[PDB]
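Coming up are structure 1 and structure 2: the same protein chain in two forms, each one given alone as structure tokens.
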Structure 1
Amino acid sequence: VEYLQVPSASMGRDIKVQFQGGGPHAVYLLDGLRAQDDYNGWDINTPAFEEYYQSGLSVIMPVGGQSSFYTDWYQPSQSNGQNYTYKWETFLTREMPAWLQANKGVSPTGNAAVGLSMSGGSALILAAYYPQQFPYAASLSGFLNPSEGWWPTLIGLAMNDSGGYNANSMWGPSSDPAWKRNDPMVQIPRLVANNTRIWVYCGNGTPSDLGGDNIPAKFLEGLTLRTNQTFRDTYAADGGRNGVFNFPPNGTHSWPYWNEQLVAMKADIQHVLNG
């Protein structure tokens, strides 16, 4: 596994990327809400790299972007002294794939975006707007209707609690178009039109022997399950026909279950991306 420094002109800094080669197409493994600046949470908490070693797929783990939602923000987060504007969608769709193509031979098209929690919706949004780059997208316990109802408030609370980040610096006031633009439920017609292969998982809040037995992990999983079930219904009602929906009667908002899903989807990704 290599630790790379990839310049981001749009953010004015270098972004650390953990990288395992192994094929021209890649799985982009996006982090959760509390992404650290040293290593991606997939590497800290799971054997993701080992599990995809010799899979015929490269594995890309960008590092950093706490509370970023892997999106382009309007402005720096005001409350916590951020001195630049997050531009993580520009980085993921323009800057990083160009760098990996030139230097590693990773194809900028035909890749998979895999997100969990915070980035579950991000992965679907990336596939909705960049279908040539991401014919495959997985959302593990994602928040799939962020513009609806109380979700902007809940997202604002969680972002302020995880590092003091300001959701209004990200997508503006709740009536700003950026909220619906980045709402996977709203963008289901794009996923259908693109025939995106989507893998949508959410547990029910009940731990198994995999662990993750704590109240916040149980609560968050049960909370977002309802949104995920609604997403499944709306996808089918809108003509969606290329989805895998995994809602087993177990699982909390914790890394063992996300790893179990990453392993489970490997053959699916291999078949879609490599044939």
Structure 2
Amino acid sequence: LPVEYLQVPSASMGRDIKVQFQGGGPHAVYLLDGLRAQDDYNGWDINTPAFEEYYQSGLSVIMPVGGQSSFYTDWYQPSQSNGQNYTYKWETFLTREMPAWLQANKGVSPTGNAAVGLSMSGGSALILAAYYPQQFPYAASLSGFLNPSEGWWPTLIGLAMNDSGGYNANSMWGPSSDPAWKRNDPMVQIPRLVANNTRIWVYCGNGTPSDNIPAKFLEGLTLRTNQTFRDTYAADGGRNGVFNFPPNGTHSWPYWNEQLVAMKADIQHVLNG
């Protein structure tokens, strides 16, 4: 496989971002990583045969590397206690800096692409499509946080971020009362997804979540939030979504891969049809 490892400068973050890349077409699938994103390889390449599966699909595959606990968002400030010496600006990187570089150097189109995320980045994918519909007419969320601003979720997200590299949610979107939480909440932004006619693919798993509170309680919160998202999408006039909630589905790389393979024909028909 002609997979490449690229160094893409980020002016906003003052550093080079590593990007794993496979060509094959002018439009691309952006494969976003989970909460514990490493700085050597994207979790999709560590854990799955994603590149091989999308080889000769007519689509390029882009795996950005890095951004542990970043939610692929633009942060207010550096995370303080873990000594971060810059501000995460991953929305700026994914929507401006990286597509400009890929267009200029490889001819990858900055528009007409798919954003696919899991766990942490499931919501990210939907938010990117909500605010950048020309770039992302297609978004998939696999076990994402679909209502991060509501109820228990700001607390649980804060705990998860702290457990993953010691990152501080307050530095990201402020206290949960800050407008940034609702801005970046897929549930709240459903009217944008509907207005944009975004093609959304939403996978909900079962069992062990992806805090020191009982698993069954977490599972109940997750189930309720997922059902509310699906109901709200329909009630707000959404008509371009795929909602997958198989009983045997899990919150894990094998099933996130299963979903990535399952959506390939869907992405091909939306982006290249």
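Only the largest set of C-alpha atoms that superpose within 1.5 Å between the two forms is called the rigid core. Only residues modelled in both forms are compared. Here, a residue number simply tells you its place in the sequence of structure 1, counted from 1.
The comparison between the two structures, aligned on the rigid core, picks out a single residue among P248, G222, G56, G240 whose CA moves by 2 Å or more, and that residue is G222. Core-superposed comparison between the two structures: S79 shows a Cα shift of 1.6 Å. Listed in sequence order, the runs of 3 or more residues present in both forms whose C-alphas shift by at least 2 angstroms between the two structures, with the core superposed, are 206-208, 213-226.
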